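Visitor: My questions all concern the structure below.
There are 2 protein chains.
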Amino acid sequence: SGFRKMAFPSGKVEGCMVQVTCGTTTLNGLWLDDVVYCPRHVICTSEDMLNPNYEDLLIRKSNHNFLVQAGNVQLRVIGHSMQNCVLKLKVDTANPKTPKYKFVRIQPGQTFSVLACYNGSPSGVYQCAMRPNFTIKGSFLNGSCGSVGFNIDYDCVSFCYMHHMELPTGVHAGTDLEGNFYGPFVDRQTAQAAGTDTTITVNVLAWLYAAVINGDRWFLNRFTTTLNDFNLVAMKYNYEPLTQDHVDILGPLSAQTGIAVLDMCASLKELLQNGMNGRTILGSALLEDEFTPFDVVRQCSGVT
Amino acid sequence: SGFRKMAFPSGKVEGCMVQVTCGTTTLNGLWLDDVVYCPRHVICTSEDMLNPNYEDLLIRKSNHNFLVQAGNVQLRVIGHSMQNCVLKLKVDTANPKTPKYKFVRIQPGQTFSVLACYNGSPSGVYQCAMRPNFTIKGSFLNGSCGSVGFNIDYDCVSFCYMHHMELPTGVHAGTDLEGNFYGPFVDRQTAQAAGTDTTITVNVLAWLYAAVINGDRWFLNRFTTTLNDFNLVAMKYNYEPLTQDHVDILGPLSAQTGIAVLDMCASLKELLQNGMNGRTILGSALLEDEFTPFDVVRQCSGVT
Ligand SMILES: *CC(=O)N1CCC(C(=O)N(C)C(C)C)CC1
Ligand SMILES: *CC(=O)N1CCC(C(=O)N(C)C(C)C)CC1
C-alpha cells in the first residue's frame with residue numbers, strides 16, 4: 064500500500080545529459096547516438112530574445128562555437144542544423160550510454176518525469192503532466208533549459224519534452240524532441256499568457272481509484288451520474304469534459320475495485336460541489352490530476 | 064521559478080540494486096563493493112513472520128540458499144552474517160558501479176529519495192521524510208522490501224533507509240543500513256501502531272519561504288510572534304515544537320527573502336488557526352512538511 068507522486072528512475076537519461084555552451088549562454092543538451100539536442104535559443108543574447116531571427120543569428124555560428132562537455136570530457140561538434148526550435152549538434156563520438164529510445168509527442172493530460180539539470184549535471188527528478196493549456200508546472204531556474212521529460216517502457220526511453228521557456232506567471236513551456244512547442248508558445252521574450260488550466264478529469268478519477276485501492280474510501284457515496292450530467296458539473300469547475308474513451312480507459316481500474324466509472328464520477332461530482340470539508344485523499348487536500356490511469360495501474364501493480 | 068517535490072537522480076542507486084531470493088521469498092538487495100544488504104526477514108515463511116527467532120531460522124540457511132541476481136547475471140555468495148535486522152551477503156565480485164557512499168542514520172524531519180524496486184529492478188523514485196513517529200509514507204507493494212532511501216551529496220550517496228514493514232494503517236517502517244529500525248518497530252507480524260504523525264514545523268516554514276521565493280505570497284500578514292506564543296499554537300495542531308536551532312537553520316532563507324523567521328511563524332500560526340480558505344500554496348491545499356530548509360536552498364539555488 065501507499066500511493067506517491069513517482070518519477071521513473073533517472074539513470075538512463077542522466078547518461079544522456081551534456082553541457083552546451085554558446086558564447087556566454089550555458090544550458091543542457093541531450094546526447095543520443097552522435098547527436099546533441101538543445102534549445103536553439105542557446106545562440107541568443109538576452110537582447111536577441113526580444114525578437115530573434117534564428118536563421119540569421121545561426122549564420123554567425125560555426126560547429127566550433129558550440130562547446131559540448133559530457134562530465135569533464137569535451138565532444139567534437141562536426142555538424143549543426145536547426146530542426147524547428149531545437150539545435151541538433153552532430154558530435155564525432157556516439158554516446159556509449161545511449162539507451163533504446165523514441166521521440167514521442169504527448170497529448171495534454173499525459174504525464175512524464177523531468178530530470179532537472181544545470182550545466183549538463185542532473186540535480187533532481189519529479190513527475191509532470193502536459194497541462195490542457197500546454198504548459199507544465201515544473202521547477203526550472205536559469206541553466207535548466209534542455210532538461211528533458213520522458214517515459215520509460217521497461218528499457219525504451221520515450222523522450223516527450225525539452226524545457227525552453229518560463230512564462231511570467233512562473234509556468235513552463237517547451238518542445239517535443241523534434242523542436243515543435245507544445246501549444247501556441249514560442250522561444251521569444253514576448254507577451255505569452257497560458258490559457259485556462261483545466262483539471263484532467265480522467266486523471267482525477269484514476270487517482271480516486273488509486274485511493275479506494277489504498278484504503279481512502281470516505282468519499283464513496285450512494286449516487287451515480289451520466290456523462291452528460293457529470294459534464295455539466297465538469298464545465299462549471301473547469302474540468303476536461305469526460306468522454307466514453309476516458310470511461311473505457313478507466314475500465315481496468317473499474318474491474319479491479321468493482322466501482323462503476325460513473326459511480327466514481329458521482330463521487331467526484333459531490334467532491335467538486337461540496338469540497339473535502341478539511342479531509343484528505345492520499346495525503347492530498349485537493350483533487351490530484353497528475354496520475355494517468357496507466358500511472359495508477361503501474362504503481363498499484365508494481366511494473367518495472 | 065516553480066517548486067516541485069523533487070527526488071535525487073536515481074542512476075547511482077539503480078546500479079546498486081540486485082534481486083535476493085531465499086526459498087520462495089524474492090525481494091531487493093543493495094550491492095555495494097562485495098556485500099549485498101537485504102532485510103533479514105527474506106529467510107521467513109509468512110508463518111515464521113508471526114514470531115520468528117532469526118538466529119535459529121538463520122542456522123537452516125547456507126550461502127548457496129541466498130540467490131543474488133544483478134540484472135541477468137548471478138552473484139556467488141561466499142559469506143552471510145546478520146547485522147541487527149539486515150543480512151550482509153558477501154559476494155565474490157565487487158559491484159563495478161559502486162558509487163562513493165556512506166551509511167547515515169537520519170533524524171525525523173530529514174528527507175530522502177526512495178528508489179522503489181521489484182525483483183532488484185527499479186520501478187520509480189519519490190521523495191520522503193522520516194516522520195516524527197519514525198514511520199515513512201511510501202509506496203511499497205510485495206517485492207519492494209530492500210528498496211533503499213538515500214541523499215546524494217554531489218557524488219557521495221548517503222544511504223539512510225532500507226524498507227522492511229508495512230503497518231496495517233498502510234504506513235511504512237524500515238532500518239538504517241546497519242539494520243537498526245527507525246523508532247520502536249520490529250520485523251515481526253504483530254500489533255505495531257504508529258504514534259501521532261506530528262507536522263515538521265521547520266519544514267513547513269522552509270516551504271513557506273520557498274513559496275514567497277516563487278511568488279505565492281497571499282499568506283504573508285502584518286503579525287509577528289514569539290517561539291513560546293507560536294509553540295502554544297504548534298502544540299494544539301500537533302506540530303513539532305520550534306527551537307532556536309530551527310530558527311538558526313532557517314536564517315539563510317530569512318536573509319534571502321528579508322522575512323524574519325518569527326514573522327513567517329506568525330504567517331503559519333494564522334494559516335493553522337484560519338486554514339487556507341480554499342486557496343493553494345505552491346499548488347498544494349495543505350501545509351507541506353516534506354521539504355527541509357536544505358531541500359529549499361538546494362532547489363531554489365540549483366545545486367547538482
Ligand atoms: C532556461 C535556460 O537555462 N536558459 C534560458 C535563459 C538564458 C538567459 O539567462 N538569457 C536570457 C540569455 C539568453 C543568456 C540562459 C539559458
Ligand atoms: C516487502 C517485501 O517485499 N516482502 C515482505 C513480505 C514477504 C511476503 O510476502 N511474506 C509475508 C512471506 C514472508 C513470503 C515478501 C517480501
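Residue numbers (this note's numbering), protein chains in the order written: chain P, 64 to 367; chain B, 64 to 367.
No residue lacks a Cβ here, since even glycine has one placed at the ideal position from N, Cα and C.
(1) Is it the case that the CB of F129 of chain P approaches a heavy atom of ligand 1 more closely than 7 Å?
(2) Check whether the Cβ atoms of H227 of chain B and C148 of chain B sit closer than 8 Å, and answer yes or no.
(3) Let me confirm a value: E118 of chain P is counted as buried when at least 16 other C-beta atoms fall within 10 Å, else exposed. Which label applies?
(4) Using DSSP's beta-bridge definition, name the partner residues of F166 of chain B.
(5) Where does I322 of chain B fall in DSSP's three states?
(6) Using a Cβ cut-off of 8 Å, pull out every chain B residue sitting near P247 of chain P, in sequence order please.
(7) Does the Cβ of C180 of chain P lie closer than 7 Å to at least one heavy atom of ligand 1?
(8) For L121 of chain P, verify whether its CB is less than 7 Å away from any heavy atom of ligand 1.
(9) Using a beta-carbon distance cut-off of less than 7 Å, what residues from the segment 215-229 of chain B approach chain P?
(10) By the criterion of Cβ-Cβ separation under 7 Å, what are the contact partners of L204 of chain P in chain B?
(11) How close, in whole Å, do the beta carbons of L331 of chain B and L268 of chain B come, if the pair is a contact with beta carbons under 8 Å?
(12) Among the residues of its own chain, which have a CB less than 6 Å from the CB of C101 of chain P, if the five just before and after it don't count?
(13) Just checking: is the beta-carbon of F357 of chain P within a distance shorter than 8 Å of some beta-carbon in chain B?
(14) Name the DSSP bridge partner or partners of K75 of chain B?
(15) What does DSSP give as the partner residues of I344 of chain P in its beta bridges?
(16) Return yes when the C-beta of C79 of chain P is under 7 Å from any heavy atom of ligand 1, and no when it is not.
(17) If distances are taken between C-alpha atoms only, which option among B:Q307, B:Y302, B:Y300 comes closest to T289 of chain B?
(18) Can you list, in chain order, the stretches of the alpha helix (DSSP H) that have 4 or more residues and sit fully within the segment 97-144 of chain B?
(19) Is DSSP giving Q255 of chain P helix, strand or coil here?
(20) Quick one: measure Cβ to Cβ for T156 of chain B and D218 of chain B, integer angstroms, because I've assumed they're closer than 8 Å.
(21) Assuming the contact rule is C-beta atoms closer than 8 Å, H309 of chain B and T261 of chain B should be a hit. Round their C-beta distance to whole Å, please.
(22) Looking at chain P, is there any beta carbon in it that lies within less than 8 Å of the beta carbon of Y272 of chain B?
(23) What does DSSP give as the partner residue(s) for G187 of chain P in the beta ladder?
(24) Apply the 10 Å Cβ neighbour rule to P247 of chain P and answer buried if 16 or more other Cβ atoms are within range, or exposed otherwise.
(25) Sorted by chain position, which residues of the same chain lie with C-beta nearer than 6 Å to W270 of chain B's C-beta, five sequence neighbours on each side aside?
(26) What number of angstroms, rounded off, separates the C-alpha of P231 of chain P from the C-alpha of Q170 of chain P?
(27) Roughly how many angstroms lie between the CA atoms of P162 of chain B and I215 of chain B, to the nearest whole one?
(28) Taking its Cβ as the centre, do 16 or more other Cβ atoms sit within 10 Å of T89 of chain B, making it buried, or is it exposed?
(29) If we count Cβ pairs, one from each stretch, closer than 8 Å, do we get three or more for the segment 173-188 of chain P versus the segment 237-247 of chain P?
(30) Where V359 of chain P and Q255 of chain B are concerned, what is the direct C-alpha to C-alpha distance, given to the nearest angstrom?
(31) Going by Cα to Cα distance, which pick from P:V99, P:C79, P:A133 is closest to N126 of chain P?
(32) Taking 7 Å as the cut-off, is the C-beta of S109 of chain P nearer than that to any heavy atom in ligand 1?
(33) Have a look at P:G341, P:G346, P:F293, P:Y302 and flag the residue whose alpha-carbon is nearest the alpha-carbon of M327 of chain P.
(34) Assuming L121 of chain P and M145 of chain P are in contact, meaning their beta carbons sit under 8 Å apart, how far apart are those beta carbons, in whole angstroms?
Guide: Taking the structure as given:
(1) In the first sequence, the residue the question calls residue 129 of chain P occupies position 66. Outside the cutoff, so no.
(2) Position 164 of the second sequence, counted from the start, is the residue given in the question as residue 227 of chain B. Position 85 of the second sequence, counted from the start, is the residue given in the question as residue 148 of chain B. Cβ atoms of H227 of chain B and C148 of chain B: closer than 8 Å.
(3) The sequence position of residue 118 of chain P within the first sequence is 55, counting from 1. Classification of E118 of chain P: exposed, given that the 10 Å Cβ count is below 16.
(4) The count along the second sequence starts at 1 and reaches residue 166 of chain B at position 103. Beta-bridge pairing links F166 of chain B to B:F222.
(5) Here residue 322 of chain B refers to the residue found at position 259 when the second sequence is read from its first residue. Reduced to three states, the DSSP call for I322 of chain B is coil.
(6) Walking along the first sequence from the start, residue 247 of chain P turns up at place 184. Within chain B, no residue comes near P247 of chain P; the closest Cβ sits about 20 Å away, beyond 8 Å.
(7) By 1-based counting over the first sequence, the position of residue 180 of chain P is 117. It does not: the Cβ of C180 of chain P is nowhere closer than 7 Å to a heavy atom of ligand 1.
(8) The residue you call residue 121 of chain P lines up with position 58 of the first sequence. Flag unset: Cβ of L121 of chain P not near ligand 1.
(9) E229
(10) Your numbering for residue 204 of chain P matches position 141 in the first sequence. Neighbours of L204 of chain P on chain B, chain order: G365.
(11) Here residue 331 of chain B refers to the residue found at position 268 when the second sequence is read from its first residue. Here residue 268 of chain B refers to the residue found at position 205 when the second sequence is read from its first residue. Confirmed, Cβ separation roughly 6 Å.
(12) Looking up residue 101 of chain P in the first sequence gives position 38. So the list reads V83, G92, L150, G209, once near-sequence residues are dropped.
(13) For the purposes of this step, residue 357 of chain P is identified with residue 294 of the first sequence, where counting begins at 1. Chain B contact via Cβ: absent.
(14) Counting from one through the second sequence, the residue named residue 75 of chain B turns up at place 12. None; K75 of chain B has no bridge partner.
(15) In the first sequence, residue 344 of chain P corresponds to position 281, counting from 1. Paired residues: P:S347.
(16) Here residue 79 of chain P refers to the residue found at position 16 when the first sequence is read from its first residue. Incorrect: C79 of chain P has no Cβ contact closer than 7 Å to ligand 1.
(17) Counting from one through the second sequence, the residue named residue 289 of chain B turns up at place 226. Comparing Cα positions, the closest option is B:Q307.
(18) 117-122
(19) Here residue 255 of chain P is taken as the residue at index 192 of the first sequence, counted from 1. In the structure shown, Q255 of chain P sits in coil (DSSP, three-state: anything other than H, G, I, E or B).
(20) On the second sequence, residue 156 of chain B is found 93 positions in, with the first residue counted as 1. On the second sequence, residue 218 of chain B is found 155 positions in, with the first residue counted as 1. About 23 Å separates the two Cβ atoms, so there is no contact after all.
(21) Residue mapping note: residue 309 of chain B aligns to position 246 of the second sequence, counting from 1. Residue mapping note: residue 261 of chain B aligns to position 198 of the second sequence, counting from 1. About 13 Å separates the two Cβ atoms, so there is no contact after all.
(22) Taking the first residue of the second sequence as 1, we reach residue 272 of chain B at position 209. So no, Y272 of chain B is outside the interface.
(23) For the purposes of this step, residue 187 of chain P is identified with residue 124 of the first sequence, where counting begins at 1. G187 of chain P is bridged to P:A179.
(24) Taking the first residue of the first sequence as 1, we reach residue 247 of chain P at position 184. By the neighbour-count rule (16 or more Cβ atoms within 10 Å), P247 of chain P is not buried but exposed.
(25) Sequence index remark: in the second sequence, residue 270 of chain B carries index 207 (1-based). Excluding positions up to five away in sequence, the list reads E351, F354.
(26) Looking up residue 231 of chain P in the first sequence gives position 168. Looking up residue 170 of chain P in the first sequence gives position 107. Computed Cα separation, rounded: 24 Å.
(27) Here residue 162 of chain B refers to the residue found at position 99 when the second sequence is read from its first residue. Here residue 215 of chain B refers to the residue found at position 152 when the second sequence is read from its first residue. Taking the straight line from one Cα to the other gives about 10 Å.
(28) Start at 1 with the first residue of the second sequence, and residue 89 of chain B comes out as number 26. With 16 or more Cβ atoms within 10 Å of its Cβ, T89 of chain B is classed as buried.
(29) no
(30) Within the first sequence, numbered from 1, the residue matching residue 359 of chain P stands at position 296. Within the second sequence, numbered from 1, the residue matching residue 255 of chain B stands at position 192. So the two alpha carbons sit approximately 28 Å from each other.
(31) As a first step, residue 126 of chain P is located in the first sequence; it is residue number 63 there, counting from the start. The option with the nearest alpha carbon to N126 of chain P is P:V99.
(32) In the first sequence, the residue the question calls residue 109 of chain P occupies position 46. Yes, the beta carbon of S109 of chain P sits closer than 7 Å to at least one heavy atom of ligand 1.
(33) Counted from its first residue, the first sequence places residue 327 of chain P at position 264. Closest option to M327 of chain P, Cα to Cα, is P:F293.
(34) Translated into the one-based positions of the first sequence, residue 121 of chain P becomes position 58. Translated into the one-based positions of the first sequence, residue 145 of chain P becomes position 82. Their Cβ separation, rounded to whole angstroms, is 6 Å, which keeps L121 of chain P and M145 of chain P in contact under 8 Å.
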